[PDB]
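Novice: Shown below is the structure under consideration.
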Protein chains: 4
Amino acid sequence: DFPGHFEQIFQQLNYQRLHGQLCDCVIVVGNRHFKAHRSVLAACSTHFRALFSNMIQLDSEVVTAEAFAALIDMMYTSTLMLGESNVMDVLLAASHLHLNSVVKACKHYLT
Amino acid sequence: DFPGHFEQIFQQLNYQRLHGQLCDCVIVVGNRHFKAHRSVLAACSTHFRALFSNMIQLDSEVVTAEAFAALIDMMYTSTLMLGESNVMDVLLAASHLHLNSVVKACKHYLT
Amino acid sequence: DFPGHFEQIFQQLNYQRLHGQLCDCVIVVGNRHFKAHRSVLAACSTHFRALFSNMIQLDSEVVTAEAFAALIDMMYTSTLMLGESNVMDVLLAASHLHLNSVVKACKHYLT
Amino acid sequence: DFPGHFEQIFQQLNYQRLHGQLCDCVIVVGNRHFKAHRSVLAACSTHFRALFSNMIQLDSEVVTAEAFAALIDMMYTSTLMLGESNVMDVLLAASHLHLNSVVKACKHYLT
């Protein structure tokens with residue numbers, strides 16, 4: 001086994017996302033556009049996987065731009081931090097996108 | 001202009017659902033099976049529409065059987081009454097299923 | 001209550017009907033094929049409920065293609081315009097299909 | 001922190017790799033075609049990042065089909081096991097693709 005392999009892969013994927021490198025899709029929330037790779041977005045979110053199987057619009061009231069950005073960062077880094085976004089918005093956005101690990105953790109801390 | 005036409009249609013669809021008539025799909029939550037029409041579930045929510053486009057297995061932890069039963073009753077009757085359930089579970093299930101009008105109503109009353 | 005919910009659902013169903021999405025039956029009138037959902041046709045009238053208890057052929061003399069198109073549009077829109085059809089044709093088609101609200105309106109305006 | 005998140009993501013990536021879903025490239029080794037995600041091959045290798053800056057032709061004289069299959073399985077599983085190939089074949093293929101963790105493991109065991 002190669003511990004650390006996946007972390008390096010995700011670090012490179014985060015670089016690519018930040019610089020738009022090899023990104024094959026764009027998600028639009030409100031007036032913000034987020035770059036993403038279909039293979040990761042679909043692998044993490046069942047809903048996105050169903051949608052893919054180039055621009056995807058999300059409801060701007062259910063999923064806010066700040067909660068979305070935080071969820072994407074978590075998606076590629078395993079670290080979820082907010083700022084300009086609260087717990088209720090990240091919880092509902094995670095539910096909307098079927099990010100079950102996030103939904104379970106948020107439910108745990110909210111209760 | 002034929003007011004009430006949609007009410008009679010939904011009443012008949014609900015009858016069919018209760019008796020398992022003309023039902024082309026089943027949703028399984030935990031160990032409980034809910035019969036449903038593919039076109040109604042797809043019309044009610046973007047997620048079901050995308051998934052359909054016979055048996056669908058839902059995560060029983062995120063969407064409980066009671067919340068699902070309440071949401072399907074609402075979908076076929078327009079009224080969402082609770083029982084063996086509460087606001088937090090009906091809201092989380094509505095979010096999971098993209099029942100945006102339910103999510104908005106629940107956020108309104110929860111806050 | 002959720003006013004506008006049913007109108008949005010029917011608008012989406014009409015979209016599907018026009019594009020042939022998630023349609024489980026075809027009605028043939030004369031030399032034209034009209035795609036439709038079994039659950040909606042059955043809900044609108046007991047004639048189809050009995051018939052459905054893939055393709056249904058209607059008599060071309062009793063129900064003309066224009067009257068059928070007008071009524072099928074009504075079924076998903078609540079608006080029934082004669083278009084190229086005569087009132088006698090929409091009357092007879094409505095009677096054959098037991099669309100009693102249409103039959104009543106036609107009788108009202110036969111003079 | 002969400003332990004196990006990356007493992008589930010890679011499990012889904014490997015599933016779709018085997019089924020060829022949502023994949024944007026094919027690597028050809030000898031006369032065998034291996035479907036892959038450009039974002040993952042590039043993330044794991046500087047060489048692929050340069051190459052992608054649809055179909056990639058590898059030199060069958062150095063990168064054999066067996067070594068390639070083993071290395072792609074490693075990339076999508078974290079566990080590298082020999083198949084029909086021997087250690088030298090895997091080392092040479094890892095070197096060609098700059099999969100440094102494999103090159104180091106191979107040198108360790110060869111020494």
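Labels used: A, B, ... for chains in the order of the structure tokens, numbers from 1 for residues in each chain, and numbers from 1 for ligands as shown.
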Matching each Cα of chain D to the same-order Cα of chain B and superposing by least squares, what RMSD do you find?
Specialist: 0.3 Å
Novice: Please provide as number ranges by chain all residues within 10 Å of region 93-109 of chain A, with the sequence filter that same-chain residues fewer than 3 positions apart are discarded (counting only C-alpha atoms).
Specialist: A: 41, 44-48, 58-59, 61-65, 67-68, 70-71, 74-75, 78, 80, 87-90; B: 47, 59, 61-62, 88, 91-100; D: 1-5
Novice: Mind writing the picked residues with N, CA and C atoms as a compact mmCIF listing (two decimals), in the first residue's frame?
Specialist:
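To be explicit, this is the file written out as again_16.txt:
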```
# COMPACT_ATOMS: atom_id res chain seq x y z
N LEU A 41 -16.85 15.12 -9.09
CA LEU A 41 -18.15 15.63 -8.68
C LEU A 41 -19.15 14.49 -8.67
N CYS A 44 -18.51 11.82 -5.91
CA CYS A 44 -18.88 12.23 -4.56
C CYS A 44 -20.39 12.39 -4.39
N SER A 45 -21.07 12.94 -5.39
CA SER A 45 -22.49 13.25 -5.31
C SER A 45 -23.30 12.35 -6.24
N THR A 46 -24.19 11.55 -5.65
CA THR A 46 -25.03 10.66 -6.44
C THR A 46 -25.89 11.46 -7.41
N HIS A 47 -26.42 12.60 -6.96
CA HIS A 47 -27.27 13.42 -7.80
C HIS A 47 -26.51 13.91 -9.03
N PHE A 48 -25.29 14.42 -8.84
CA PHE A 48 -24.54 14.88 -10.00
C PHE A 48 -24.22 13.71 -10.92
N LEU A 58 -27.77 25.31 -10.26
CA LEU A 58 -28.33 24.91 -8.98
C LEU A 58 -29.28 25.99 -8.48
N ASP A 59 -30.28 25.57 -7.70
CA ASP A 59 -31.18 26.55 -7.10
C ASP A 59 -30.40 27.46 -6.16
N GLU A 61 -31.47 29.44 -3.89
CA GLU A 61 -32.03 29.63 -2.55
C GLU A 61 -31.81 28.43 -1.65
N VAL A 62 -31.78 27.22 -2.21
CA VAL A 62 -31.53 26.03 -1.40
C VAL A 62 -30.04 25.90 -1.09
N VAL A 63 -29.20 26.03 -2.11
CA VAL A 63 -27.75 25.96 -1.99
C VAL A 63 -27.18 27.35 -2.22
N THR A 64 -26.56 27.93 -1.20
CA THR A 64 -26.01 29.26 -1.36
C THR A 64 -24.61 29.15 -1.96
N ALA A 65 -24.11 30.26 -2.51
CA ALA A 65 -22.79 30.21 -3.12
C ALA A 65 -21.70 29.92 -2.09
N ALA A 67 -22.03 28.27 0.88
CA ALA A 67 -22.12 26.89 1.33
C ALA A 67 -21.61 25.97 0.24
N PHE A 68 -21.91 26.30 -1.02
CA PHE A 68 -21.47 25.45 -2.11
C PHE A 68 -19.95 25.44 -2.18
N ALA A 70 -17.84 25.99 0.14
CA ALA A 70 -17.31 25.24 1.27
C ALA A 70 -17.44 23.74 1.03
N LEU A 71 -18.57 23.31 0.46
CA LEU A 71 -18.76 21.89 0.22
C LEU A 71 -17.79 21.38 -0.83
N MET A 74 -14.49 20.92 0.75
CA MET A 74 -14.49 19.69 1.52
C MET A 74 -14.36 18.49 0.59
N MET A 75 -15.07 18.55 -0.54
CA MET A 75 -15.09 17.47 -1.51
C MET A 75 -13.70 17.12 -1.99
N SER A 78 -11.18 17.12 2.12
CA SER A 78 -11.61 16.43 3.33
C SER A 78 -11.74 17.37 4.52
N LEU A 80 -13.81 20.73 5.93
CA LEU A 80 -14.96 21.60 5.74
C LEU A 80 -14.96 22.73 6.77
N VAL A 87 -24.12 26.87 9.54
CA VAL A 87 -24.34 25.43 9.60
C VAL A 87 -25.59 25.02 8.85
N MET A 88 -26.68 25.77 8.99
CA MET A 88 -27.92 25.34 8.35
C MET A 88 -27.80 25.32 6.83
N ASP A 89 -27.06 26.28 6.27
CA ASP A 89 -26.94 26.29 4.81
C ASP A 89 -26.05 25.16 4.33
N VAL A 90 -24.99 24.84 5.07
CA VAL A 90 -24.11 23.76 4.62
C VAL A 90 -24.83 22.43 4.77
N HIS B 47 -34.71 15.39 -8.90
CA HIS B 47 -33.88 14.22 -8.62
C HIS B 47 -34.51 12.96 -9.17
N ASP B 59 -31.42 5.75 1.08
CA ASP B 59 -30.71 5.60 2.34
C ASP B 59 -31.69 5.81 3.49
N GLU B 61 -31.21 6.10 6.60
CA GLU B 61 -30.80 6.99 7.67
C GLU B 61 -31.13 8.44 7.34
N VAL B 62 -30.90 8.85 6.09
CA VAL B 62 -31.15 10.23 5.71
C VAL B 62 -32.64 10.49 5.54
N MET B 88 -37.72 18.25 11.67
CA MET B 88 -36.34 18.07 11.22
C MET B 88 -36.23 16.93 10.21
N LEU B 91 -38.04 17.96 6.83
CA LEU B 91 -37.22 18.92 6.12
C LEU B 91 -36.03 18.23 5.48
N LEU B 92 -35.36 17.35 6.22
CA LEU B 92 -34.18 16.71 5.65
C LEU B 92 -34.58 15.82 4.48
N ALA B 93 -35.70 15.09 4.60
CA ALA B 93 -36.13 14.26 3.49
C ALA B 93 -36.54 15.11 2.30
N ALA B 94 -37.22 16.24 2.54
CA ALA B 94 -37.62 17.09 1.43
C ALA B 94 -36.39 17.62 0.71
N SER B 95 -35.34 17.96 1.46
CA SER B 95 -34.12 18.45 0.84
C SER B 95 -33.49 17.36 0.00
N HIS B 96 -33.42 16.14 0.55
CA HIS B 96 -32.81 15.03 -0.17
C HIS B 96 -33.51 14.79 -1.50
N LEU B 97 -34.84 14.89 -1.50
CA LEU B 97 -35.66 14.62 -2.67
C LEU B 97 -35.89 15.86 -3.53
N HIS B 98 -35.30 17.00 -3.19
CA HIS B 98 -35.48 18.24 -3.94
C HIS B 98 -36.94 18.69 -4.01
N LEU B 99 -37.67 18.52 -2.91
CA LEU B 99 -39.05 19.00 -2.83
C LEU B 99 -38.99 20.44 -2.33
N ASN B 100 -38.59 21.33 -3.24
CA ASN B 100 -38.23 22.69 -2.85
C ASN B 100 -39.36 23.44 -2.15
N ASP D 1 -12.84 16.47 9.49
CA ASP D 1 -12.20 15.25 9.01
C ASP D 1 -13.23 14.16 8.76
N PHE D 2 -13.16 13.54 7.58
CA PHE D 2 -14.09 12.49 7.17
C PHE D 2 -13.31 11.27 6.72
N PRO D 3 -12.81 10.46 7.66
CA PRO D 3 -12.04 9.28 7.27
C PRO D 3 -12.87 8.37 6.37
N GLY D 4 -12.21 7.80 5.36
CA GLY D 4 -12.85 6.89 4.44
C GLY D 4 -13.45 7.56 3.23
N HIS D 5 -13.49 8.89 3.21
CA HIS D 5 -14.08 9.62 2.09
C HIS D 5 -13.35 9.32 0.79
```
Novice: Hey, which of B:15, B:79, B:85, B:73 ends up closest to residue 43 (chain C)? Count only C-alpha atoms.
Specialist: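 Checking each candidate against residue 43 (chain C), we get B:15 as the closest.
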Novice: Between B:54, B:31, B:60, B:39, which is the closest to chain A once you count only C-alpha atoms?
Specialist: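 The shortest atom-to-atom distance to chain A comes from B:60.
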Novice: Could you state the separation of CA of residue 56 (chain A) and CA of residue 16 (chain A) in Å, given to one decimal place?
Specialist: 19.3 Å
Novice: Please provide the set of residues having any atom within 9 Å of residue 57 (chain C), restricted to only C-alpha atoms, with same-chain residues fewer than 4 positions apart removed, written as a ChimeraX atom specification.
Specialist: /C:26-30
Novice: Grab the residues selected above and save them as a compact mmCIF listing (two decimals), in the first residue's frame with C-alpha atoms.
Specialist:
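Below you can see result.txt, which holds the result:
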```txt
# COMPACT_ATOMS: atom_id res chain seq x y z
CA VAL C 26 -49.38 6.00 -27.90
CA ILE C 27 -52.88 6.91 -29.09
CA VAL C 28 -53.40 6.65 -32.84
CA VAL C 29 -56.10 8.69 -34.58
CA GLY C 30 -56.36 8.54 -38.33
```
Novice: Mind checking which residues fall within 9 Å of residue 53 (chain B), counting only C-alpha atoms, ignoring those fewer than 3 positions away in the same chain, and posting them as a count of residues only?
Specialist: 7
Novice: Taking into account only C-alpha atoms, which residue in the set B:81, B:86, B:33, B:55 is nearest to chain C?
Specialist: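 Smallest distance to chain C is found for B:81.
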Novice: Could you pull out the residues in chain D that DSSP calls strand (DSSP E or B) from the backbone, as JSON, numbers by chain?
Specialist: {"D": [25, 26, 27, 28, 29, 32, 33, 34, 35, 36, 55, 56, 57]}
Novice: Those residues with N, CA and C atoms, as a JSON list (two decimals), in the first residue's frame please?
Specialist:
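This is the output file out_14.json:
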```json
[["chain", "number", "residue", "atom", "x", "y", "z"],
["D", 25, "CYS", "N", -10.69, 9.38, -21.65],
["D", 25, "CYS", "CA", -9.55, 8.98, -22.47],
["D", 25, "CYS", "C", -9.40, 7.47, -22.51],
["D", 26, "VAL", "N", -8.69, 7.01, -23.54],
["D", 26, "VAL", "CA", -8.30, 5.62, -23.69],
["D", 26, "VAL", "C", -6.79, 5.54, -23.90],
["D", 27, "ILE", "N", -6.14, 4.66, -23.14],
["D", 27, "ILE", "CA", -4.71, 4.42, -23.24],
["D", 27, "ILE", "C", -4.56, 3.10, -23.99],
["D", 28, "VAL", "N", -3.74, 3.08, -25.03],
["D", 28, "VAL", "CA", -3.57, 1.86, -25.83],
["D", 28, "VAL", "C", -2.17, 1.32, -25.62],
["D", 29, "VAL", "N", -2.09, 0.06, -25.19],
["D", 29, "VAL", "CA", -0.83, -0.63, -24.92],
["D", 29, "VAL", "C", -0.87, -1.91, -25.73],
["D", 32, "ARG", "N", -4.30, -3.73, -26.58],
["D", 32, "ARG", "CA", -5.30, -3.66, -25.52],
["D", 32, "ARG", "C", -5.60, -2.21, -25.15],
["D", 33, "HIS", "N", -6.89, -1.88, -25.06],
["D", 33, "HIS", "CA", -7.37, -0.54, -24.75],
["D", 33, "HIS", "C", -7.84, -0.45, -23.30],
["D", 34, "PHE", "N", -7.29, 0.50, -22.55],
["D", 34, "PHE", "CA", -7.62, 0.73, -21.15],
["D", 34, "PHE", "C", -8.32, 2.07, -21.03],
["D", 35, "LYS", "N", -9.57, 2.07, -20.57],
["D", 35, "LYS", "CA", -10.29, 3.33, -20.42],
["D", 35, "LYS", "C", -9.85, 4.01, -19.13],
["D", 36, "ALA", "N", -9.75, 5.33, -19.16],
["D", 36, "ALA", "CA", -9.29, 6.06, -17.98],
["D", 36, "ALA", "C", -9.81, 7.49, -17.99],
["D", 55, "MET", "N", -7.00, 9.95, -26.94],
["D", 55, "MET", "CA", -6.34, 8.65, -26.99],
["D", 55, "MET", "C", -4.85, 8.85, -26.81],
["D", 56, "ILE", "N", -4.24, 8.03, -25.94],
["D", 56, "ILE", "CA", -2.80, 8.08, -25.71],
["D", 56, "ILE", "C", -2.18, 6.76, -26.17],
["D", 57, "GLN", "N", -1.16, 6.87, -27.02],
["D", 57, "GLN", "CA", -0.42, 5.72, -27.52],
["D", 57, "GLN", "C", 0.85, 5.54, -26.70]]
```
